[PDB]
Amino acid sequence: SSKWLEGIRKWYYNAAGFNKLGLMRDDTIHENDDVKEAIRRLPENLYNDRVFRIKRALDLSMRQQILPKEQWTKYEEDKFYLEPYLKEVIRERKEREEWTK
Amino acid sequence: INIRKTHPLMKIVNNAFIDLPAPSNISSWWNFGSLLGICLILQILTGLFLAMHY
Amino acid sequence: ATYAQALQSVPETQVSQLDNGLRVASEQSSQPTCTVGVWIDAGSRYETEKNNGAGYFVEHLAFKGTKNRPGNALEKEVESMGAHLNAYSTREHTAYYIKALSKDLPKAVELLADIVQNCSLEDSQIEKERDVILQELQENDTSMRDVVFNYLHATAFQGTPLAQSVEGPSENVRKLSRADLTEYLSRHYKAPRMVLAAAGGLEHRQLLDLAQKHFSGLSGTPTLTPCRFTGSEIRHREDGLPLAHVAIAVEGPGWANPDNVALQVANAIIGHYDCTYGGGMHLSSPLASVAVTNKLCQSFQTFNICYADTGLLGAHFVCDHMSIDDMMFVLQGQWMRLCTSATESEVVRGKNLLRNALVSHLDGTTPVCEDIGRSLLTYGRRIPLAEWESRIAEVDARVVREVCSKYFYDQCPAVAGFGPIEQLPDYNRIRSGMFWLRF
Amino acid sequence: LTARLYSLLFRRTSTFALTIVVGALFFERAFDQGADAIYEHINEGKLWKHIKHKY
Amino acid sequence: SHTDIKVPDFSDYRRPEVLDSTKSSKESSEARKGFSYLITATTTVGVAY
Amino acid sequence: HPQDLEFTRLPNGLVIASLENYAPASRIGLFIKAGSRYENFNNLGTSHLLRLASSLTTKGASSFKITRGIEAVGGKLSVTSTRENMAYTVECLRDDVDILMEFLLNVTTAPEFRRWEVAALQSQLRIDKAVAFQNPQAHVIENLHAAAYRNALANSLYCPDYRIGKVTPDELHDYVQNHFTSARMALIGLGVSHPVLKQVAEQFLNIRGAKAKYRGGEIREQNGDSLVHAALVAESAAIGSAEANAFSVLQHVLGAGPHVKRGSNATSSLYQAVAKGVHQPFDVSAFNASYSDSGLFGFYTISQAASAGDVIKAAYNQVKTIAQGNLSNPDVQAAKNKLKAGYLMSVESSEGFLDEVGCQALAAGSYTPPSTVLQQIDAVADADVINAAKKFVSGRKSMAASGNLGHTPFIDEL
Ligand code: HEM
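Looking at the packing of helix α8 (residues 242-254) of chain F against helix α11 (residues 329-345) of chain F
All names here are of chain F.
Here is step 1: Two elements in contact, α8 and α11, have axes whose closest approach is 8 Å; the angle formed by their N-to-C orientations is 105°. Comparing the axis directions of α8 and α11 gives the class roughly perpendicular. Contacts from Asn245, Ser248, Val249, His252 and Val253 in α8 reach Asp331, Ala335, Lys338 and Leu339 in α11.

Structure follows, in structure tokens:
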């Protein structure tokens, strides 16, 4: 059940890879206009932290240099901060479609 | 708005064939450019059929 | 409560026909005011080449002398009764009306009658008002909007008396006479062609016999040719102004069709936008939504103006020269979208906007009685609001797409451009964008 | 009379293109027969269909 | 500036059936459009054939 | 329709003013005394921002739904404001007043003010201020109120040139928190019944300033326009007084906008004095504002560049020679008739009559029918006329002028 689902999720989060490049959930999202709108609706300091994480990750994949043990981003200390933003983007796009049709 | 002003090919076609500001003065002496172009592709076509039988 | 509940208790506006060719109309209800006005079917359409602008001249000179009072005491009477006065003259009609209170109705009728029929003229007053009208033409250089509409009329009615200007040209301002003006007033504003309307805290009997006492005794006893639309292009290249005004119109039907009702639905769908509105990217009007989304203009009104059984079904948009073409193209796209793919909820919203805007247009007493006078001139009658709502419900999407098929689709418009209008496409681009081969 | 034809077959551009294609094959038929009749009329005699009919 | 405008006339250039400011033109548009579109359609027939 | 209004002041604090008639134009007004006189020095321009914030998402009713439903039922929504008052006016028919009322309640009392929308609204503030102050006369009025008070009646309808792009929505949240009581709200209904409004306002909200000091001086705005626009105003009186009615009668004596289009205004003494003196194009008018603590009164001139001071001197000495006890009782009766005509004929149209009824019901919190207001017009005599004129002539001064200023007297040289 749920006590084993967390084990599967932590195995997948170890084997995903972006925990080793110092990244998080909201660092790998593929974009349309909607996700870039969600990026646009962010606070300033969170957006600064996101662009610095992105630029470090691109540098360390430029010389192909995985971070040491000290800064592998642990599972369940990461923020799912884009969940309200992206969720309201979902609701607004579905509101547009289902109201105009 | 429109494909013609936001598409990277129709930008070029719009700036070459459609929104090109032409002078409102030119006589039939200026027709020979497009006639050279059409003769050029017609020579390409007839020569290519010749090349299929040569 | 329904439209039967709102339209079962509704004002009625009883009319009568006084025995000199006079008409009278009364909007009788419980409001503590009166709007008492004279609507006469006279304008620049009926005028001639030498009498061009004489009517505008009259509505300037209608207050500088009567045979019973001088000018200062006349308007001093208007002041001392504690009232308000207004007049204007379009290309077709002319209204002299009084916003007064009910306890000065008879004195209002009396002084209004002397205003209408027995003006007195001066050489001093013709000279002073000639200077005033010359300076106000030089001031109507500034109001770009009516300059655009006068360009529109002058290019869409080329050769007719309808394309005569509202006020007359400057030589034809500075050359006229008293004899021509008396001949003008004696031909136009006299016996058959006048509707006395009044709206408010009034009755029919005292009002009736007061009009019989003061307006009768006249008994006067050959104009209005049919017109011709052309469709053409006029442009006023002036590359210093910060904004461009571009309008374009097709030949609308006029007053005497249900096509008028259908096009009021369509120009309730598109209609108005100004760039000071609240809520920009979530607009209901799709043309306005795109026009905010890419700043494709500043403002527009898409509408219809009816002269006597002819129409200028028009659009007028103000923009910058950087994006003339884009607004032009999306305008033609929205016309063709009405022409072919008229859906349902847009027709329903158009009917709802027509209902609410016509109701709020029927507010107060002065706009309502203005509607009364303008209805009893053209239609011969005032249309009840239940008849308006019935003709609203008597149109669905089928009539809308047929009317857009008749009037918009593949016709010959008239274009008036003013300002930074070099990046306006030429007239053949407008025409080859007017019809779809589905582009 | 031209306005009646404009009212019939010049408004919807799909049916417009289809009816000028119909007129195009109409013109194919009439034009080939016109060209054949004219060219045989200016070469009455010296054409192979005459000599072959006599063979 | 605008009220002192008379639009110059094209009496030489118009069709001889719409040379009347009395005459209305709701119906006479279809004859003209049929004539021009007749020319365009017949040209298109020649081109496509 | 002989039936009349119904006043119901619910004692949690709000005012329901219903009027059931068989009329089409169902108008709902929500009036709150929350104008520009409730800001402080730190958040100038916030009221303008809230006035353009009538199209933003709420908790549950997003702005897309708001705009699409409101313009889909056809009913139109406007928001106006004076320096005391904000007004939310929704017009429709009797079709869907309940869902439009629910949208109105959500717009008032569910503030979110999301941040990207705030930035787009900053740009909208710059647009709106340009379209407002392309009329110079509103800028003359704004410098005038800047010239008379050190306090809450010195602020702007609009936003200054630096807070544009710099005002945060947390100021809006806290301002709505500490300035929207139930004890100030006026629900004014034309078309819908009293019990439905009673149910709505009883069950649907249930949540919960600074006076004026005279300042004096002048403000000169050198602008180079060939139009000297000059206002000269002294403080007059509060609102709701027979003194203020006497100022109203006095300005109907002195001259207002013309009753007659293209007239001469012969009873207007100020135009008569400048007409006797000056032979040029010009215009002279009176001016009176009045609010729940104080008010302003004076005159207001529009004149040529080299013909400013003569206009100023002629109108000021005309006010003086009327204030020296030298008047006409036919002009007193004429001003009483003109004031009766003005109040009785600013109340025809349903928008203006709605605004007037709601503001007269909310302003001192008590409705007054027009007939006893006509009686109070009939009650004020020439004693307070000459008293208020003597107070204005022998009182302090405030001046606001803009345009070219080649020959403009300051205070002394009137
Ligand atoms: C790229 C496309 C072309 C191909 C594939 C092509 C091919 C040929 C071939 C196979 C021949 C020999 C057939 C013959 O001579 O009758 C030929 C002849 C010739 N081509 Fe082209 N050709 C091409 C374009 C052109 C162009 C653009 C020109 C210049 C206008 C040109 C000028 C000639 C001339 C003058 C001859 C001589 C004709 C003769 O003497 O019989 N060709 N070409």
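Remarks on the interface of chain F and chain C
Here is step 1: In this assembly, 40 residues from chain F lie in contact with 45 residues from chain C.
Here is step 2: Interface of chain F and chain C: buried area, both sides summed, is about 3900 Å²; carbon and sulfur atoms make up 53% of it.
Here is step 3: Of all residues in chain F, the largest losses of buried area upon contact with chain C belong to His259(F), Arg262(F) and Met345(F), amounting jointly to 17% of the total for that side.
Here is step 4: One can count one salt bridge joining chain F with chain C.
Here is step 5: Across the pair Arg262(F) and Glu59(C) runs a salt bridge, and its minimum N-O distance is 2.5 Å.

Digging into helix α6 (residues 169-177) of chain F
Residues and elements named next belong to chain F.
Here is step 1: Those residues of α6 that fall on the buried side of the exposure criterion are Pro169, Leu172, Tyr175 and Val176. Across the axial projection of α6, the buried residues extend over an arc of 115°, all falling on one side. Turned more than 90 degrees away from the buried face of α6, the exposed residues are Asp170 and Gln177.
Here is step 2: Those residues of α6 hidden inside the fold are in contact with α1 (46-51) and α4 (115-132).

Section: the site of the ligand
Here is step 1: Taken together, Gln43(B), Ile44(B), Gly47(B), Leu48(B) and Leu50(B) make up the full set of residues near the ligand.
Here is step 2: In terms of residue class, the shell around the ligand is made up of three nonpolar, two polar and no charged.

Considering the packing of helix α1 (residues 2-9) of chain D against helix α1 (residues 29-48) of chain E
Here is step 1: The geometry of α1(D) relative to α1(E) is characterised by a closest axis approach of 7 Å and an angle of 75° between their N-to-C directions. Taken together, the axis directions place α1(D) and α1(E) in an arrangement best described as roughly perpendicular. Residues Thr2(D), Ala3(D), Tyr6(D) and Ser7(D) of α1(D) pack against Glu30(E), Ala31(E), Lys33(E), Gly34(E), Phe35(E) and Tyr37(E) of α1(E).
Here is step 2: The class makeup of the residues in the contact of α1(D) with α1(E) is five nonpolar, three polar and two charged.

Digging into the arrangement of the chains
Here is step 1: Contact analysis covers six pairs of chains in contact, and the most contacts occur between chains C and F.
Here is step 2: A gap remains between chain A and chain C, with no contact made and the closest C-alpha atoms lying 9 Å from each other.

Concerning the nonpolar core
All names here are of chain C.
Here is step 1: Ranked by internal contacts, the top residues of the largest apolar core, which has 46 residues, are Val36, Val38, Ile40, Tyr96, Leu112, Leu196 and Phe215.
Here is step 2: Looking at which element gives the most residues to this core, the answer is helix α4 (residues 105-117), with seven residues.
Here is step 3: Within the second largest apolar cluster, 44 residues are counted, among which are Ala266, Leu287, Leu296 and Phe408.

Rules used in this analysis
Residues numbered from 1 in each chain as written, not as in the entry; some residues may be left out. Chains lettered and ligands numbered in written order. Part of a larger assembly, values for the part shown. Heavy atoms only, no water. Axes fitted to C-alpha atoms, helices over the stretch in contact; angles between N-to-C directions. Helix = DSSP H or I, 4+ residues; strand = E, 2+ residues; numbered from the N terminus. Parallel < 35°, antiparallel > 145°, perpendicular 65-115°, else oblique. Contact = heavy atoms within 4.5 Å. Buried area = accessible area lost by both parts, 1.4 Å probe. Salt bridge = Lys/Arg side-chain N within 4 Å of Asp/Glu carboxyl O. Buried < 20%, exposed > 50% of the residue type's maximum accessible area, 1.4 Å probe, protein only. Arc of directions from axis to C-beta. Near = heavy atom within 4 Å. Nonpolar A, V, L, I, M, F, W, Y, C, P; charged D, E, K, R; others polar. Core = buried A, V, L, I, M, F, W, Y, C linked by side-chain atoms within 4.5 Å.

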